[PDB]
Chemist: 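Mind looking over this structure? Questions follow.
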Amino acid sequence: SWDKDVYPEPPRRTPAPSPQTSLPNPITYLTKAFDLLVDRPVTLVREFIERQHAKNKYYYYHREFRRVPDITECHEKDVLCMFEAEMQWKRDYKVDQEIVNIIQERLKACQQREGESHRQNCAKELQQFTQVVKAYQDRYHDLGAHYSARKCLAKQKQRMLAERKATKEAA
Amino acid sequence: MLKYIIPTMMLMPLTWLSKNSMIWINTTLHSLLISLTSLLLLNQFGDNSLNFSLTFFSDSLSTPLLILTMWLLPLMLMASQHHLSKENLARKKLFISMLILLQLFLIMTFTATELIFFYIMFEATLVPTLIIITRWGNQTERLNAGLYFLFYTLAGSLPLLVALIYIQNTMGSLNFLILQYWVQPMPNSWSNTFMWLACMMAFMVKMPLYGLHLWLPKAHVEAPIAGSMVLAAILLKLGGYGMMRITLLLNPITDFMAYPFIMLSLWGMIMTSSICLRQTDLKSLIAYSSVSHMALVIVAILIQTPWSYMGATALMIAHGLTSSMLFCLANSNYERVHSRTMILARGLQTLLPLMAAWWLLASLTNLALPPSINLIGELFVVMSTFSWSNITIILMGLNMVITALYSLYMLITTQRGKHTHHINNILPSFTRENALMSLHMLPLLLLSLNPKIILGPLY
Amino acid sequence: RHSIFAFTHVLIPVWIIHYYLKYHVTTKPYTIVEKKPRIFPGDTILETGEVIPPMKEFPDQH
Amino acid sequence: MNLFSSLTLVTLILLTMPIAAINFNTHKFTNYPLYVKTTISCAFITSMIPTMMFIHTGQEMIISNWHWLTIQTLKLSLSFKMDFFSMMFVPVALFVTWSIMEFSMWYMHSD
Amino acid sequence: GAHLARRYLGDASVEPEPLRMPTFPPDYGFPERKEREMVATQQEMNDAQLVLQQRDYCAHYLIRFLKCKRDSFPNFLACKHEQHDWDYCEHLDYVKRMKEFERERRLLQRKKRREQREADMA
Amino acid sequence: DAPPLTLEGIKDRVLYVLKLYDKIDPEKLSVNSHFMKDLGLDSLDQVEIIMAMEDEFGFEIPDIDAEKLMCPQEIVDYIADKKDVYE
Amino acid sequence: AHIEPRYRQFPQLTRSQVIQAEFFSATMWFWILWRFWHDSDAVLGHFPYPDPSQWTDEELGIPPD
Amino acid sequence: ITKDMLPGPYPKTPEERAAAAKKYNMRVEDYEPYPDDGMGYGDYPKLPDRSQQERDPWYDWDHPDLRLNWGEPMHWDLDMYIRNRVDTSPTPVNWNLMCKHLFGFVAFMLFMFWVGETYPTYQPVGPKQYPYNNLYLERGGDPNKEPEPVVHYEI
Amino acid sequence: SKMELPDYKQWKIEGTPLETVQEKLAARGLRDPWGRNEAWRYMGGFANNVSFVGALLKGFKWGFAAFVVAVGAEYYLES
Amino acid sequence: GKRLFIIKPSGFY
Amino acid sequence: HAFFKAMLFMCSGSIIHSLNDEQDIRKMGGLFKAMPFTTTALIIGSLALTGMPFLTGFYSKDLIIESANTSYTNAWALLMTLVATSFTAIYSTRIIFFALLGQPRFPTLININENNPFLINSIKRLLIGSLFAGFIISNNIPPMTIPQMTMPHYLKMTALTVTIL
Amino acid sequence: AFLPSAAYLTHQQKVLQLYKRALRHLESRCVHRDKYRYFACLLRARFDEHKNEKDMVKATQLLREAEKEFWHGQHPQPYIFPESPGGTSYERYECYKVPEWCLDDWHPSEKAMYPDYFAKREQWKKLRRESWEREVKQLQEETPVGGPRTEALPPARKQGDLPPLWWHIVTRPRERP
Ligand SMILES: CCCCCCCCCCCCCCCCCC(=O)OC[C@H](COP(=O)([O-])OC[C@H](O)COP(=O)([O-])OC[C@H](COC(=O)CCCCCCCCCCCCCCCCC)OC(=O)CCCCCCCCCCCCCCCCC)OC(=O)CCCCCCCCCCCCCCCCC
Ligand SMILES: CCCCCCCCCCCCCCCCCC(=O)OC[C@H](COP(=O)([O-])OCC[N+](C)(C)C)OC(=O)CCCCCCCCCCCCCCCCC
Ligand SMILES: CCCCCCCCCCCCCCCCCC(=O)OC[C@H](COP(=O)([O-])OCC[N+](C)(C)C)OC(=O)CCCCCCCCCCCCCCCCC
Ligand SMILES: CCCCCCCCCCCCCCCCCC(=O)OC[C@H](COP(=O)(O)OCCN)OC(=O)CCCCCCCCCCCCCCCCC
Ligand SMILES: *C(=O)CCCCCCCCCCCCC
């Protein structure tokens with residue numbers, strides 16, 4: 001399974017079967033046939049395999065990178081510090097890529113799940129998607145294929161100069 | 001990288017101490033073992049490149065070119081052992097030594113941590129290629145083709161030497177790892193304009209650029225089959241590798257120095273595909289197809305977006321496998337009809353059905369049939385050039401139409417129609433030939449399953 | 001060996017694909033995402049027991 | 001959910017099985033066109049069940065079963081859209097293709 | 001389809017422009033005009049997932065018809081009465097739209113006769 | 001489909017078509033009956049006989065061959081040569 | 001037995017193909033007449049198209065001045 | 001193959017023209033080269049620019065797929081005038097009359113689609129009416145804002 | 001083996017449109033020599049083919065009879 | 001009967 | 001469209017095989033009785049193509065015409081659509097006239113034979129499709145728009161009148 | 001114009017080719033057999049009117065304007081026979097016309113599958129390679145100086161000698177392999 005907080009799902013509401021006609025629907029008979037012929041042997045083989053997993057348990061871990069000094073507190077042309085800062089920046093860039101992927105998955109899953117009323121019922125997912133794409137575009141767009149922490153810091157300094165100038169001229 | 005350099009050098013006593021009937025089998029076997037061993041370079045990381053020593057490293061760009069290079073040597077030995085069967089034993093060992101030595105130069109060309117070592121290995125790859133073309137080429141034009149191949153590359157690369165030694169005197173180092181952190185912006189001046197030209201024109205010749213491609217449909221045609229395989233599969237990609245290294249240093253001047261070369265390549269992919277529509281020589285048709293495919297890689301490096309680099313390295317690997325297989329199919333017909341004229345041997349599907357299946361699959365990978373990595377690289381380059389300018393979709397689509405046209409025209413001309421009546425030495429396909437075709441095609445199709453190992457440093 | 005086709009071409013693939021979808025695809029988020037079932041006035045929710053109130057009584061036209 | 005997606009993918013995998021059969025052959029077949037016609041008939045049968053349980057409720061799903069590639073923000077997955085269009089076109093195309101292949105066993109016989 | 005001939009081969013000053021009509025106020029000519037009552041609740045046709053083209057003023061018969069169509073499976077010829085109720089109420093909505101068209105056309109006739117009577121008087 | 005032609009069947013069908021032609025009486029006709037020398041027909045008649053052969057057997061005789069088939073045995077031999085009968 | 005080809009004359013028919021052709025033509029006309037009996041509105045019309053010229057001014061709100 | 005069987009430069013003397021006409025296996029009176037404007041044809045014959053489709057299909061050609069014979073001088077554009085490609089055969093209608101009729105038909109149809117776009121047909125009805133202020137929340141409207149009330153009335 | 005061809009004397013064009021053709025040719029002194037070759041097409045089983053309204057109304061009789069039977073059956077079934 | 005030999009290229013290899 | 005157009009090609013291919021690879025309608029004729037089952041299914045497919053009432057083509061094409069008439073539409077596009085609807089009837093009865101009706105124009109060795117159960121069953125299943133699939137699918141698909149069912153009688157009877165003309 | 005035997009077309013051959021093209025295009029225009037038979041007799045009368053014409057200039061002029069008549073009145077899609085060039089089945093089976101020399105490259109395990117066929121093929125190959133030198137010296141002694149004037153081949157003259165250049169005419173593939 002997965003964590004229900006990061007991949008949210010509203011609770012399922014299926015209606016009770018209320019048949020009006022007298023002819024038996026083929027779907028319930030094919031569902032019982034599926035349960036007997038398919039689902040129970042699959043469940044038995046999976047239980048056998050899960051017993052074999054339970055005979056010898058072992059673990060893998062999530063690699064924790066401690067935060068190293070970033071590019072702003074590294075000296076100019078100091079490769080031993082700015083190498084660590086660049087590796088930190090690239091890992092943060094790849095994680096932010098996967099964050100945008102998670103929010104796209106939420107948005108598309110919402111559109112399919114809500115079906116025909118998706119324009120009304122997926123306004124929060126669309127809002128979260130617009131916010132995270134705005135942040136990603138201010139943070140990493142237009143850097144080029146030779147991107148680095150120096151390029152991203154120069155883009156941030158240019159944007160902050162523009163924002164400071166716009167706030168200064170508005171007063 | 002020394003664990004690959006040392007067995008490639010040990011292929012020299014392996015090819016000179018072998019028994020006289022064993023010199024193909026031993027080199028094929030142990031080069032296949034080196035190609036098996038090449039997969040250890042896939043120890044790549046999302047942040048750091050696999051940095052071995054002060055001399056050698058391998059990021060996710062050099063690694064697929066290395067695996068393709070170490071895979072190409074047994075296939076060149078399989079392709080070139082039939083037409084060199086009646087050769088002297090010493091000249092046969094010299095041919096195998098030139099192939100092994102070209103691989104030895106290439107595997108430490110792509111892994112060169114420092115750029116003048118890259119230049120020395122990069123221009124060292126001329127000499128075994130020149131010896132192969134001008135010695136074991138078949139027709140009269142191999143000497144002139146060796147002249148063009150030598151003197152376009154050195155004319156482009158001797159300004160590159162002065163440019164790299166200038167960077168060595170200015171930055172203090174030509175280590176690419178140090179230049180990832182000591183790169184300075186290259187502003188607009190005439191000095192930096194000719195700096196850009198000196199850093200780029202050698203690789204523009206090696207790709208080749210349109211207008212400078214005139215070494216290629218003579219060097220790729222007048223070579224033997226192992227020469228044609230290595231020239232189409234690796235030696236054009238040395239140029240794109242050098243571009244993707246050296247365009248780290250050429251910013252922001254590339255953002256307006258790229259325009260004439262982007263025009264040359266966007267129009268050269270139309271013109272060379274149109275040239276492929278009217279070729280009588282099949283091998284020259286594959287040569288101009290290689291120019292047409294490398295024009296997109298030039299555009300993708302010059303627009304320098306991440307999607308463009310991913311598509312360019314995918315298209316380099318895909319084109320290496322596809323063009324090597326197309327030259328091997330052309331050789332499989334040339335070893336029967338003894339002519340490179342495409343209209344001579346016709347209707348060959350009536351005679352060689354499985355070889356015609358290999359023709360079909362190589363023509364489908366040539367036209368970038370999805371989900372092949374041909375289409376992956378083609379498609380990512382089209383995405384990035386559309387984001388560059390929205391009007392480049394006209395040229396990209398017109399190129400794709402002409403590419404499908406000459407690919408299936410090649411297929412229909414050689415394989416379909418009524419067979420030629422006066423040709424009766426069409427042997428059945430040997431096991432060596434079909435094995436060569438499958439060892440090209442089956443990795444190219446398996447790479448569609450897990451394509452992330454050929455999408456470069458910024459996948 | 002008279003109905004070996006419906007065994008070897010359906011009943012083994014439904015087993016394989018159901019095992020795959022049940023223990024490797026639906027174990028990952030948003031792989032199999034389903035449009036939620038359609039709810040009408042008069043329906044009873046199985047997950048809640050909540051009964052949907054019916055529509056307003058019609059201004060009858062014919 | 002479990003019946004719909006399973007018979008959805010079993011239809012396509014059942015159609016891919018005779019491609020493996022024609023590729024993994026040594027002998028001359030015991031009537032391979034009858035084998036492919038029977039396979040497409042049974043694929044029509046397999047595709048009729050998700051169509052019926054779409055006609056019942058309107059049940060739709062996406063089967064994004066295999067992550068293929070992620071180009072920095074574009075997660076490309078093998079993704080199957082089981083909507084009105086797939087549910088009404090797959091049995092029509094399988095029924096038509098079944099009739100075309102039983103026509104083909106007669107028309108293309110001397111080939 | 002003669003109104004196309006009356007708008008094109010005639011004048012458009014008396015014929016209504018379909019993209020912008022009603023041009024007249026809905027109370028101009030109606031003392032205490034009643035509103036169109038919506039029967040299907042917004043959350044009811046939200047939960048019924050109706051198409052936004054189908055969420056008109058007679059969505060309640062469509063909800064009843066889709067409920068019968070779901071409930072009478074597989075007897076696909078069982079709910080013709082709900083379908084004809086929905087079709088009849090759509091027909092009545094179409095008659096209402098025709099009444100809007102004829103109202104705008106006759107008020108353009110009224111404005112034309114008004115300005116011609118004014119040009120004759122003053 | 002497409003039952004094989006025999007020389008007996010081709011000769012019977014060719015003489016059958018030529019007996020249904022009003023400028024040839026059937027009691028004179030044989031396989032060696034030259035159309036101009038024996039039967040006394042025009043070259044227009046020979047073109048029409050070739051077109052009736054084409055409409056009978058369902059393939060076109062080209063004019064370089066149609067100008068030369070001047071007896072029914074030549075026609076039967078040509079249809080044998082272009083249908084490969086008695087395999 | 002199979003069919004023997006004939007010469008310049010009407011070919012041999014099977015009884016099965018003739019009764020199948022007649023049965024499916026009869027099924028076509030039975031279905032057309034049956035659905036035209038029960039529906040009769042998908043061809044000719046479902047609802048009576050009202051006449052706007054015969055509509056009064058009081059139901060449309062046209063005040064006389 | 002050898003030197004004096006390969007193409008050469010443009011023939012200027014009549015004996016060079018006769019030697020070239022012997023070389024390309026054709027008559028001296030039928031041998032015309034391409035005109036020496038320096039384009040790079042040499043002494044190669046200018047054949048009458050026909051497709052291979054116009055060749056006699058009933059003749060027993062040496063290359064029946066190509067309708068071409070052995071030793072026959074090929075056209076310069078033989079790869080272009082194959083039957084898989086450009087056909088120059090005589091057409092039942094004149095070329096200019098075909099071009100005029102096709103261009104006039106396409107232009108008339110585009111002009112009439114533009115006229116029908118300018119004069120569209122429709123039905124004598126009002127606009128389709130929708131509840132809840134023309135479906136404000138359903139069309140993605142934000143609930144913090146409040147739309148103008150769009151009220152529809154009975155008629 | 002031996003496919004026995006029918007009589008060539010039995011294909012006489014009297015009673016066919018070939019007769020009308022030869023009459024309208026003999027009105028100007030022309031005579032047709034290939035009419036008996038074409039005469040099999042218009043005689044025997046291929047003579048008197050249906051019209052187009054006869055082609056569309058194939059199976060109308062049995063279909064309308066089945067329609068009468070089914071309407072009578074549902075009128076007797078409601079009671 | 002009268003089965004004809006079908007000339008086809010060498011399918012052994 | 002899938003059912004009756006696949007069946008029209010299958011009936012044409014039955015004619016092509018029975019007339020020894022003959023694909024030209026000027027060398028056909030008289031197949032109303034020599035090929036009775038192909039004739040039956042070709043007439044049924046032509047009627048479903050032209051929009052005969054309550055066959056499979058009716059439940060789509062009649063709704064297409066009744067929705068293209070009753071909409072804010074390019075009028076020249078609508079008029080060319082109706083002229084195309086007439087032309088469908090014209091070429092369908094061209095197929096029926098030259099292929100089936102009249103007198104034989106094919107060569108004299110009649111190898112007409114449609115007696116394989118592969119051919120009979122393959123045409124039969126698409127024939128049941130061409131009779132009933134429009135009705136079955138139109139009653140099984142849910143409503144996705146609002147169908148226009150009120151229109152004047154010259155506008156409801158447009159497709160049938162133009163097809164009969 | 002273009003023939004393997006002759007160097008030209010005679011006037012009589014041009015008239016006959018015109019008459020055949022005119023009847024075929026008329027049959028395309030006049031689909032039904034009785035109506036075609038009527039108009040074909042009318043066309044036969046139009047050719048029989050100027051038939052006994054002894055002025056070659058007048059006959060050449062009538063032939064030329066009759067070609068203009070035919071060009072103005074040709075069917076745009078005339079009926080072509082299926083195996084005739086242009087037809088829908090023309091050169092369809094050329095992909096199944098494998099030449100005879102491809103049997104020489106078979107493996108012996110599939111030559112063992114047909115022992116009598118290859119045992120009967122070896123005497124054909126033997127017969128051809130003993131006929132070859134005699135038919136070459138037959139051609140060189142009968143052909144005049146300067147090469148042959150026409151593409152006609154001479155037949156065999158002795159008994160026991162095969163006709164010269166017979167192999168790729170006799171051992172050509174069938175039309176339905
Ligand atoms: C890691 C595990 C991987 C396992 C799965 C492997 C996945 C695929 C791998 C490659 C498959 C193709 C290789 C075989 C064909 C080439 C040789 C040939 O002609 O054989 C014919 C021969 C049978 O024919 P024959 O009649 O006896 O003789 C040939 C005839 O004379 C004349 O021949 P012909 O013309 O009649 O027949 C040729 C026919 C001609 O038909 C065509 O050319 C049509 C194909 C194109 C259109 C249809 C496909 C379009 C794309 C959709 C499919 C991909 C995506 C699907 C997913 C859903 C959508 C996202 O082509 C085929 O039948 C090929 C079928 C497979 C097609 C794959 C795509 C090829 C098209 C070009 C590239 C397209 C993009 C790349 C796709 C890559 C996918 C992995 O086949 C064999 O005997 C098979 C030999 C063994 C093959 C092994 C293949 C895998 C080897 C990998 C080894 C290492 C990994 C271990 C796994 C091993 C698994 C077995
Ligand atoms: C493939 C064949 C053609 C290959 C073309 C290769 C590129 C074309 C341009 C090459 C220019 C020469 C190398 C420049 C290296 C730049 C290094 C550098 O520091 O530059 C800045 C320096 C600047 O001087 P500086 O470095 O001393 O000063 C410090 C910098 N400033 C000025 C800011 C204080 O540039 C130069 O000194 C001159 C550069 C231009 C040199 C022009 C001469 C060559 C002309 C073109 C020849 C092309 C090949 C012709 C033959 C082909 C075969 C027959
Ligand atoms: C007859 C042989 C069948 C198998 C018989 C033997 C097994 C018996 C039955 C049990 C099933 C096997 C065990 C479960 C299966 C494995 C489960 C699992 O987690 O697998 C890991 C994964 C599942 O995906 P994933 O998301 O877990 O991992 C992807 C890997 N990363 C994250 C690194 C990118 O892989 C597979 O299951 C592989 C099967 C792929 C099936 C589709 C192949 C497509 C072929 C064409 C390729 C090109 C398409 C390009 C376009 C795509 C769209 C854009
Ligand atoms: C919403 C927008 C809608 C727009 C709609 C209209 C847009 C397109 C306009 C027309 C352009 C395409 C048509 C022209 C090219 C047609 C080529 C073709 O079909 O060739 C077929 C030809 C043989 O055909 P045929 O004569 O039928 O053969 C009968 C038997 N001999 O075969 C041959 O002769 C062989 C030819 C081989 C070489 C082909 C060379 C031509 C290639 C043309 C490329 C066009 C690229 C367009 C790029 C557009 C970018 C925006
Ligand atoms: C006015 O006439 C409104 C109807 C739509 C425009 C005219 C459509 C004319 C073609 C359809 C009817 C044809 C009657 C033979």
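Heavy atoms only: backbone and side chains are in, while hydrogens, waters and symmetry mates are out. Both counts, for ligands and for their atoms, begin at 1 and track the order of listing. Below, chain A is the first sequence line, B the second, and so on; all start at residue 1.
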Chemist: Looking at every non-hydrogen atom in both residues, tell me the closest pair between L:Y90 and L:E83 and how far apart they are.
Modeler: CD1-O, 3.2 Å
Chemist: Please work out whether the ring planes of H:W114 and H:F111 are parallel, tilted or perpendicular, with thresholds of 30° and 60°.
Modeler: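 If you compare the ring of H:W114 with that of H:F111, the planes turn out tilted.
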Chemist: Does NZ or CZ of H:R55 fall inside the cone over H:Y81's six-membered ring, less than 6.0 Å from its centre and within 45° of the axis?
Modeler: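 Relative to the ring axis of H:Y81, which defines the angle, H:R55 lies outside at least one limit.
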Chemist: Under 4.0 Å from a heavy atom of B:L449: give me the atoms of ligand 3 that qualify, with their elements.
Modeler: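 Near B:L449, meaning under 4.0 Å from one of its heavy atoms, ligand 3 has 45 (C), 47 (C).
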Chemist: Between B:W215, B:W196, B:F194, which one has a non-hydrogen atom sitting closest to atom 9 (C) of ligand 2?
Modeler: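 The nearest heavy atom belongs to B:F194.
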Chemist: As a test of the contact definition, would atom 22 (C) of ligand 4 count as having a protein heavy-atom neighbour under 4.0 Å?
Modeler: no
Chemist: What's the verdict on salt bridge (charged side-chain N to carboxylate O under 4.0 Å, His left out) for L:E91 and H:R83, showing C-alpha distance, side-chain angles and the deciding distance?
Modeler: CA-CA 13 Å; L:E91 66 188 0; H:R83 292 187 291 117; 3.2 Å; yes
Chemist: Please check this pair: side chain of C:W15 against backbone of A:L37, looking for a donor-acceptor N/O pair closer than 3.5 Å.
Modeler: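 Indeed, once roles are kept as given, a pair shorter than 3.5 Å links the two residues.
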Chemist: Does some non-hydrogen atom of B:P370 fall short of 4.0 Å from ligand 3?
Modeler: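 B:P370 does not count as a contact of ligand 3 under the 4.0 Å cut-off.
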Chemist: Donor-acceptor pairs under 3.5 angstrom involving side-chain atoms of residues 393-408 of chain B: please list them, not counting sequence neighbours.
Modeler:
from: B:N399; atom 1: OD1; to: B:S273; atom 2: OG; distance (Å): 3.0
from: B:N399; atom 1: OD1; to: B:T403; atom 2: OG1; distance (Å): 3.2
from: B:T403; atom 1: OG1; to: B:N399; atom 2: O; distance (Å): 2.5
from: B:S407; atom 1: OG; to: B:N366; atom 2: ND2; distance (Å): 3.3
from: B:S407; atom 1: OG; to: B:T403; atom 2: O; distance (Å): 2.8

Chemist: Considering all protein heavy atoms, does one lie under 4.0 Å from atom 17 (C) of ligand 3?
Modeler: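 Neighbour list for atom 17 (C) of ligand 3 includes protein heavy atoms (cut-off 4.0 Å).
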Chemist: Considering only heavy atoms of H:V86, which atoms of ligand 4 have at least one such atom less than 4.0 Å away?
Modeler: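 Once the distances to H:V86 are compared, the set is 34 (O).
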Chemist: Please list the nearest protein heavy atom to atom 36 (C) of ligand 4 with its residue and the distance rounded to 0.1 Å.
Modeler: H:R85 CG, 4.5 Å
Chemist: Can you report which non-hydrogen protein atom sits closest to atom 44 (C) of ligand 4, along with the distance?
Modeler: B:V401 CG1, 4.2 Å
Chemist: Checking contacts now, so for atom 50 (C) of ligand 3, which I'm interested in, is there any protein heavy atom under 4.0 Å?
Modeler: yes
Chemist: Is the shortest distance from a heavy atom of H:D87 to ligand 4 less than 4.0 Å?
Modeler: no
Chemist: Flag atom 39 (C) of ligand 4 as yes if some protein heavy-atom distance to it falls below 4.0 Å, otherwise no.
Modeler: yes
Chemist: Within 4.0 Å of atom 40 (C) of ligand 3 (strictly less), any protein heavy atom?
Modeler: yes
Chemist: Once you restrict to heavy atoms under 4.0 Å, what part of B:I402 touches ligand 4? Side chain, backbone, both or neither.
Modeler: neither
Chemist: Is the B:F122-B:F203 ring centre distance short of 6.0 angstrom?
Modeler: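 For B:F122 and B:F203, the ring centres are under 6.0 Å apart.
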Chemist: For atom 32 (C) of ligand 3, which candidate among D:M17, D:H67, C:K28 holds the nearest heavy atom?
Modeler: D:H67
Chemist: Nearest to atom 23 (C) of ligand 3 by heavy atom, D:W66, C:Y19, C:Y23, C:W15: which?
Modeler: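 Comparing heavy atoms across D:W66, C:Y19, C:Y23, C:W15, the nearest one to atom 23 (C) of ligand 3 lies in D:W66.
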Chemist: Any protein heavy atom at under 4.0 Å, with atom 20 (O) of ligand 3 as the reference point?
Modeler: no
Chemist: Protein heavy atoms: any of them under 4.0 Å from atom 54 (C) of ligand 3?
Modeler: yes
Chemist: Could you tell me if C:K28 sits above the aromatic ring of A:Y7, with its cationic atom closer than 6.0 Å to the ring centre and no more than 45 degrees from the axis?
Modeler: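 Checked: cation-pi criterion not met.
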Chemist: Can you tell me which portion of D:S79 lies within the under-4.0 Å heavy-atom range of ligand 3? Options are side chain, backbone, both, or neither.
Modeler: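 Neither; nothing of D:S79 gets under 4.0 Å from ligand 3.
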Chemist: Protein heavy atoms near atom 1 (C) of ligand 3, is at least one of them under 4.0 angstrom away?
Modeler: no
Chemist: Considering only heavy atoms of B:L405, which atoms of ligand 4 have at least one such atom less than 4.0 Å away?
Modeler: 39 (C), 42 (C)
Chemist: Minimum distance, heavy atoms only, to atom 13 (C) of ligand 2: which one of B:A155, B:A198, B:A163 is it?
Modeler: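 Among B:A155, B:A198, B:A163, the closest heavy atom to atom 13 (C) of ligand 2 belongs to B:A198.
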Chemist: Does the protein place a non-hydrogen atom closer than 4.0 angstrom to atom 37 (O) of ligand 3?
Modeler: yes
Chemist: Return the closest protein heavy atom for atom 29 (C) of ligand 2 as residue, atom name and distance.
Modeler: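 Heavy-atom neighbour on the protein nearest atom 29 (C) of ligand 2: B:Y166 OH, 3.9 Å.
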Chemist: At under 4.0 Å between heavy atoms, is it the side chain or the backbone of B:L212 that contacts ligand 2, or both, or neither?
Modeler: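 B:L212 to ligand 2: no contact under 4.0 Å from either part.
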Chemist: In terms of side-chain heavy atoms, does H:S89 have a donor or acceptor partner in H:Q53 at a distance below 3.5 Å?
Modeler: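 No, because no side-chain N or O of H:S89 sits under 3.5 Å from a partner of the opposite role on H:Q53.
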Chemist: Any idea which atoms of ligand 3 are less than 4.0 Å away from a heavy-atom of D:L78?
Modeler: 42 (C), 53 (C)
Chemist: Any salt bridge (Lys or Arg N to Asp or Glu O under 4.0 Å) pairs touching residues 267-278 of chain B, not counting sequence neighbours?
Modeler: B:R278-H:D77, B:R278-H:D79
Chemist: Quick check on atom 1 (C) of ligand 4 - does any protein heavy atom sit closer than 4.0 Å to it?
Modeler: no
Chemist: Identify, by atom number and element, the atoms of ligand 4 in contact range of H:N84, meaning under 4.0 Å from any of its heavy atoms.
Modeler: 32 (O), 33 (C), 35 (C)
